Amino acid sequence: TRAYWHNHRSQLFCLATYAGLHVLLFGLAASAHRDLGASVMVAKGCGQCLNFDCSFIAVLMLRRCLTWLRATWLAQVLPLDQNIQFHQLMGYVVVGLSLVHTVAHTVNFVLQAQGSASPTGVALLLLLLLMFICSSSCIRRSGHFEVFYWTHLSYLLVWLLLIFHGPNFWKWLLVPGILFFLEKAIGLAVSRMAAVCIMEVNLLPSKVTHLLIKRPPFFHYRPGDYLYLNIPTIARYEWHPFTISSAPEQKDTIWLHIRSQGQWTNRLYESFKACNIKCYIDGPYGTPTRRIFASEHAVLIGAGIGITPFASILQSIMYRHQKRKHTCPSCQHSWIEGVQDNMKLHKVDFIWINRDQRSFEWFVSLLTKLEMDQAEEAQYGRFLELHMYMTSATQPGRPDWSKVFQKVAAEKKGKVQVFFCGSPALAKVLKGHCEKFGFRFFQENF
Amino acid sequence: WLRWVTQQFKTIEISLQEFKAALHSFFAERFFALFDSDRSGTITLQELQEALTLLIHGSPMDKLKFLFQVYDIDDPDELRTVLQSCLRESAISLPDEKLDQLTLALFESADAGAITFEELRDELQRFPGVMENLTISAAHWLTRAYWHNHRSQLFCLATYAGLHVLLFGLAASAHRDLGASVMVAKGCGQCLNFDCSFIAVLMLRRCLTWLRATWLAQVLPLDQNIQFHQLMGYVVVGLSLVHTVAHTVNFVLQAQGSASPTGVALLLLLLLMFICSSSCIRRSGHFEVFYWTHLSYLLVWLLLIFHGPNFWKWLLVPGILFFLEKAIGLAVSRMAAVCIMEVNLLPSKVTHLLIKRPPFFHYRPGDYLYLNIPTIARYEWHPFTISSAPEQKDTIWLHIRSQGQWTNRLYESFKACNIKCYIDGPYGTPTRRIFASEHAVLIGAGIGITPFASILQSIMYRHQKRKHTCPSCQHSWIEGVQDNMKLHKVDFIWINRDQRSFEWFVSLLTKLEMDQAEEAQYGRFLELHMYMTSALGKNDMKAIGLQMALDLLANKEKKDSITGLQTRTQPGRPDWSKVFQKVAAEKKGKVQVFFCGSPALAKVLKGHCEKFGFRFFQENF
Ligand SMILES: Cc1cc2nc3c(=O)[nH]c(=O)nc-3n(C[C@H](O)[C@H](O)[C@H](O)COP(=O)(O)OP(=O)(O)OC[C@H]3O[C@@H](n4cnc5c(N)ncnc54)[C@H](O)[C@@H]3O)c2cc1C
Ligand SMILES: Cc1cc2nc3c(=O)[nH]c(=O)nc-3n(C[C@H](O)[C@H](O)[C@H](O)COP(=O)(O)OP(=O)(O)OC[C@H]3O[C@@H](n4cnc5c(N)ncnc54)[C@H](O)[C@@H]3O)c2cc1C
Ligand SMILES: NC(=O)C1=CN([C@@H]2O[C@H](COP(=O)(O)OP(=O)(O)OC[C@H]3O[C@@H](n4cnc5c(N)ncnc54)[C@H](OP(=O)(O)O)[C@@H]3O)[C@@H](O)[C@H]2O)C=CC1
Ligand SMILES: NC(=O)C1=CN([C@@H]2O[C@H](COP(=O)(O)OP(=O)(O)OC[C@H]3O[C@@H](n4cnc5c(N)ncnc54)[C@H](OP(=O)(O)O)[C@@H]3O)[C@@H](O)[C@H]2O)C=CC1
Ligand code: HEB
Ligand code: HEB
Ligand code: HEB
Ligand code: HEB
Ligand SMILES: CCCCCCCCCCCC
Ligand SMILES: [Zn+2]
């Protein structure tokens, strides 16, 4: 659709520039070997393309530097949450190109039939087929992940073999390769790790587990800071990110809501379907959101399914709001302090738009809780308003942004803002509606 | 002891001149007069022996009689003169009315018309232990030291010299066949390829900050990068000189195209930079002229590309790193066209900027910033520590001390507002570990105590923002914790030679302490200790007499006259045993020490913390 193109705009640009660079290198090597007949030309071309891919696959799968890029607007412009299913694509392309390359050189060696390169080539083809065989989803689907890791560790020996197999290859391999080695060196046992222990585990409906891990003493995170969880019982060497779904004012534990959407998280749900186990979290990462707490009548709008950090944001807002309701220990006169200047809000909206509540029952329960929490406080003033839409049947059907925005602009609470977390098809609509009413728009990357 | 006395006497007849020279002042004159018992002006061996026996081996009554004889210049006028001489020796800069009131109080509390010697002893009896502890400061008579601090800089200098002798030998061995000329020429060629390449990667004003926060700042020096860079420049000039003379001797031996033209060009360019980048160009010149002339590093690198055939191999990494960082820094990268709200000139040539806090400017307590002023130096960017707590929402302070050519020129110019300045936002190590503790002991030794001002002001702001008062009953009560500061007490121990440029810090701590001293009746939350070690120690008889009036003035006013502080200022170095014992005596939580100073005290404090079980820290700033 038109909005499919608008959302996938930043994906199609990257895919097309990749295909363009491939055809550029292919044609460059084609021209430089036009003299040879139809077999070493395509072979040299595919060789150049393989150099490029077999080099940059690693930097495509760079873990630590990718997080640092996710914080800036760079995450806004190009999609850097897709690195895994761009990595699998570049792997498939390496396999296809290496296969056609072997076919080209074997046809050439047959035509010439009418060392260091060829044996190393056979071994390289065998290893690439090993990785492409023991790295497909059928290997992690069944509950063996360490087999996958051990087989797919052979990229090291593939790089070794390829160093003294392609003449100009080490030039390509060096910079991404040295970046990869640097990042694997920075990441050591307990560099930013912590051997925290699960204090409890719940199993909410819709196959979502609700980890209550034990808070590490010196672990301080802003609301919305995701962590990279690791559970040896499930998979020893996998590190899947997860968004902390508990307001930082939680001093005892750290929640994590882990929705079943794959092979690791499914393994987690099924395993605990049978608590104190080992976990190794890796720090708080994510965008700092002080623009919300330093605002008035913020309008948090979360669409799609990237709204787990809004649970943390809303719980932190309501905690810091309850933390300004004083009562005299003698007169019992309860008076409400004005702004604390660490949170400057006078109202909040929350418009969660989705297609259903398939996986988010914990979210709906938490929002009813935070709405009933101040429901008796609504006698003088309502702080948190909840607008939840479903668009498939709670006000069913898509909203009317003119209507809800005019309802916002109806009463005067201050400088109305917007914060958004969703599909860029809707982000520009919100930017247009937003500067129409003088609402200072913002957009969040999570 | 007779041998030491004879040696000391032989070391100087010993007239009053050599006496004052060995003793290192009107007190010195009185001592020279009272030492020669025969009033002969020269100190014989017998007179010096008797003086030493009466001072060291003499009883406290003998020392008291000697002090009384030295004090009676013939009363209040003599006491005032002696106290003035002592303060001149003690660097105690007090007002004339302050000294008058001190002399009056001393004459009131000591004279029971004239200070009687019996009355003098009866009053000195109030001084506990000072009787036996009475000892003249002149008797004080009876390198790896700075390497202990330089154990990290000398590491860098040594590895640098090693990585030069390595390249020199590597190039000399490969070309030993050439006779005595091209060997050193090619050695210097390689050393130049290294220095002219890395001298700029030393100047990373952006990546160093990221490295300044890490423990790499603890292991190797990251503040003295400018001096290491100047040193590498000096050795580039020296090496270029020997390299040109090597090639010219080679040429004249052979005579007995890129080489010669680009050689002359690089030689002249490096000489131009070495001339227009000395101290004199900025002491009495335009910082802009310095910047423009010494911008020629681009031209030097360029002409070096097609002069050293394999030089670009070196220049690849540092050149691209330098240009990457320079491109990251753009006109609105993180700059902010901040407007000075107002400036002051606090004493000791320190200027005090109040720059208007940008609306979207959030800094932790103790974050520095790279201030620039297009009026002082158009292009230089100097770092400075925010000396205003974050909870202060109106303006950002900056306490800038004249310690060079930029800051000094700033002070001079303002000595003659709404100007433009381009700060570079917050930096620095995180400081939340100071707030998440109990009875933290912030110790600031040396000249790194500007962020402790910010931290103390933020701590007191939060403390005052956890004191409540009901609008109805007016019942005032306190809270337990605010979840952003869990402290229960703070001890600020501040060692320095003198109050030279920190009287603003003094006037700030006075404010903090007295702002809650009237609440210390039920609980004291911040304890201020201030040590000016250069002041005369409480063991010196003159210093004993001076304290014998300072203490009375304190009891009269309840304010230590030196600073108006509620606490008293303790001259001399601290006995960390007693300090940590007093810390451990009371129980306010898990003690945590913090520190910012020279490693010489870092090791002492780490040893004592292991002795007393306190989790010593040392923040990097
Ligand atoms: C910052 C962030 C926070 C997230 N928080 C949550 C959360 O709280 N709850 C939740 O249910 N999901 C969350 N996800 C998405 C995802 O479900 C988990 O991150 C995790 O990747 C699931 O692993 P999986 O076994 O299902 O992956 P697979 O089933 O093996 O892979 C299928 C999908 O998972 C993605 N994926 C696989 N490995 C990774 C990886 N290492 N990093 C990122 N994506 C990966 C693939 O791109 C694809 O979309 C988050 C993603 C990100 C980027
Ligand atoms: C994080 C930090 C915070 C500081 N805060 C203060 C403060 O609040 N008040 C204060 O009086 N001083 C402070 N200084 C020290 C110093 O006075 C200033 O940093 C300032 O840069 C000195 O300028 P100058 O022109 O006098 O130096 P110059 O006269 O130009 O140089 C002489 C000395 O200054 C150093 N220096 C010169 N240029 C720089 C530069 N760009 N960056 C760092 N050092 C340089 C040299 O290494 C040498 O030690 C701080 C230093 C650092 C590293
Ligand atoms: N960098 C990128 O390229 C990014 C891409 N994405 C894209 O996000 C998509 C997520 O799938 P999905 O979440 O289904 O798509 P959406 O993100 O469009 O669904 C989000 C919600 O917005 C609602 N919505 C869309 N337009 C309007 C409107 N005009 N008025 C009111 N409500 C509206 C939809 O309702 P209904 O479902 O009823 O239409 C849906 O429930 C992925 O396909 C991915 O490609 C995500 C992030 C960034
Ligand atoms: N990593 C490094 O190499 C660093 C080095 N420095 C050092 O900072 C120094 C600055 O001069 P300065 O700050 O005077 O050097 P110091 O830090 O040694 O002097 C600072 C204060 O510490 C006091 N002091 C020193 N040793 C003791 C002790 N054993 N017991 C009690 N008090 C003590 C001094 O008292 P008194 O003056 O009375 O002796 C002085 O008041 C430079 O010489 C430099 O070497 C600075 C930063 C880091
Ligand atoms: C270069 C070479 C190479 C190649 C060819 C490849 C190829 C591939 N691949 Fe690879 N990978 C790689 C190299 C590679 N690769 C690396 C290096 C990585 C990273 C890992 C780590 O870090 O450990 C990866 C990673 C990876 C991953 C991740 C895991 C997680 O989750 O953690 C995946 C899934 C993949 C898949 C794949 C596929 C499917 C393919 C096709 C065959 N991979
Ligand atoms: C990785 C993937 C891969 C694979 C599998 C392969 C496989 C192969 N191969 Fe190769 N190659 C390659 C990649 C490859 N490859 C490269 C990259 C190169 C380089 C390119 C250029 O040219 O640059 C080559 C190159 C090459 C050559 C050329 C030589 C040189 O060194 O120069 C030849 C002959 C070949 C053959 C071959 C064969 C026969 C095979 C199978 C057995 N290869
Ligand atoms: C060519 C190369 C080079 C050389 C040889 C040099 C050499 C030198 N240098 Fe230099 N620098 C440089 C390159 C250089 N350089 C750079 C690149 C820089 C940085 C700048 C910027 O960043 O802008 C500097 C920077 C610099 C500075 C800084 C400024 C401020 O304060 O901020 C100074 C002072 C200097 C000095 C010097 C000296 C004294 C010498 C000796 C002559 N230095
Ligand atoms: C800047 C500093 C510098 C300077 C000034 C110079 C200056 C000079 N120089 Fe010199 N070089 C150099 C640095 C230099 N340089 C280098 C670095 C090189 C290279 C070395 C290698 O091996 O790398 C050379 C090189 C050179 C050579 C060899 C060959 C080529 O490379 O082409 C020669 C012959 C020369 C000469 C010379 C002369 C004659 C002069 C003066 C005029 N050198
Ligand atoms: C099939 C989807 C392709 C998406 C391409 C994403 C590119 C991510 C680049 C990440 C660089 C670190
Ligand atoms: Zn009351």
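Along the chain as shown, residues are numbered 1 onward.
Structure method, as recorded: electron microscopy, 3.9 Å.
Including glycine, each Cβ sits where the backbone N, Cα and C put it.
In Swiss-Prot this protein carries:
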TRANSMEM  A:12-32  transmembrane segment
TOPO_DOM  A:33-39  topological domain 'Extracellular'
TRANSMEM  A:40-62  transmembrane segment
TOPO_DOM  A:63-90  topological domain 'Cytoplasmic'
TRANSMEM  A:91-111  transmembrane segment
TOPO_DOM  A:134-144  topological domain 'Cytoplasmic'
TRANSMEM  A:145-167  transmembrane segment
TOPO_DOM  A:168-184  topological domain 'Extracellular'
TRANSMEM  A:185-205  transmembrane segment
TRANSMEM  A:298-318  transmembrane segment
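Here the deposited model leaves out 33 residues, and the two residues on either side, A:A393 and A:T394, have Cα atoms 10 Å apart.
Residues 51-52, 54-56, 58-59, 61-65, 159, 162 of the same chain sit 6 or more residues outside the topological domain 'Extracellular' (A:168-184) yet have a Cβ under 8 Å from a Cβ within it. Simply put, out of A:12-32, A:40-62, A:91-111, A:40-62 has the most Cβ pairs sitting under 8 Å from the transmembrane segment (A:145-167). Residues 10-11, 13-14, 53, 56-57, 179, 183, 186-187, 239, 285-287, 443, 445 of the same chain lie 6 or more positions beyond the ends of the topological domain 'Cytoplasmic' (A:63-90) yet place their CB under 8 Å from a CB of it. With 23 residues not built between them, A:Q114 and A:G115 place their Cα atoms 20 angstrom from each other. Within the chain carrying the topological domain 'Cytoplasmic' (A:134-144), a Cβ under 8 angstroms from the stretch's Cβ atoms is held by residues 91, 151-152, 263-264, 267, all 6 or more beyond its ends.
Spanning 36 unmodelled residues, the gap from A:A274 to A:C275 amounts to 11 Å when taken between Cα atoms.
Beyond the topological domain 'Extracellular' (A:33-39), the same-chain residues lying 6 or more positions past its ends with a Cβ under 8 Å from any Cβ of the stretch are 45, 104-105, 107-108, 111.
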